[PDB]
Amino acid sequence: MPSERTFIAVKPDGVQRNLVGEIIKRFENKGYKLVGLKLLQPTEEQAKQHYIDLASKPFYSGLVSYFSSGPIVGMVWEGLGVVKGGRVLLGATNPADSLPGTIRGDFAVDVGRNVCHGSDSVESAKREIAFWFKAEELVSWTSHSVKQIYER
């Protein structure tokens, strides 16, 4: 269904390096619909929970520290296959494996400063959206271009 949603965040390095507009532009250009957007400063506990699956990994403390060091831009995007599509737009985890055309391919070098985050599955997207956004921060609306973007 085109009502699938994903959580995308410009990480603190992406905000610091002025990539918020560029990232949003790429999602808008694709045809995805923006339904949540905010600037916020994650707390360390928020970072810990967001990345809870990686708690035993040796880079976790540094990841959690960095993610809560400065503002991020959190987003919710809606569209057909938008979880997979968002990841495609972002590129590989390690920017050295990412291809030009992707966000990490064009703008990042180091796996620990890879500019952006995107949910990796439909289930994790639901958890992340619910973690970062209140219901009143998600806007239900209809794109005037929906029939131009979707056949059904």
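Numbers follow the displayed sequence, beginning with 1.
With neighbours modelled on both sides, does residue 63 go without coordinates in a third or more of the other PDB entries compared? Modelled in all the others, so no.
How about residue 32: is it missing from at least a third of the other entries compared? Counting only entries that model residues on both sides, residue 32 is resolved in every one of them.
Pick between 135-143 and 20-28: the one whose mean CA B-factor in the entry is higher. Mean C-alpha B-factor is greater for 135-143.
Do the CA atoms of 65-73 or those of 123-131 have the higher mean B-factor in the entry? The deposited B-factors put 123-131 ahead on the C-alpha mean.
Just to confirm, going by the entry's C-alpha B-factors, which of 101, 58, 118, 112 comes out highest? Comparing C-alpha B-factors across 101, 58, 118, 112, the top value belongs to 58.
Relative to the other modelled residues in the chain, which third contains the C-alpha temperature factor of residue 48: lowest, middle or highest? Top third by C-alpha B-factor.
Would you check the entry's CA temperature factor for residue 96 and let me know if it's in the chain's lowest, middle or highest third? According to the entry, residue 96 has a C-alpha B-factor in the chain's highest third.
Which third of the chain does residue 54 land in by C-alpha B-factor: lowest, middle or highest? Its C-alpha B-factor, which the entry lists for residue 54, ranks in the highest third among residues of this chain.
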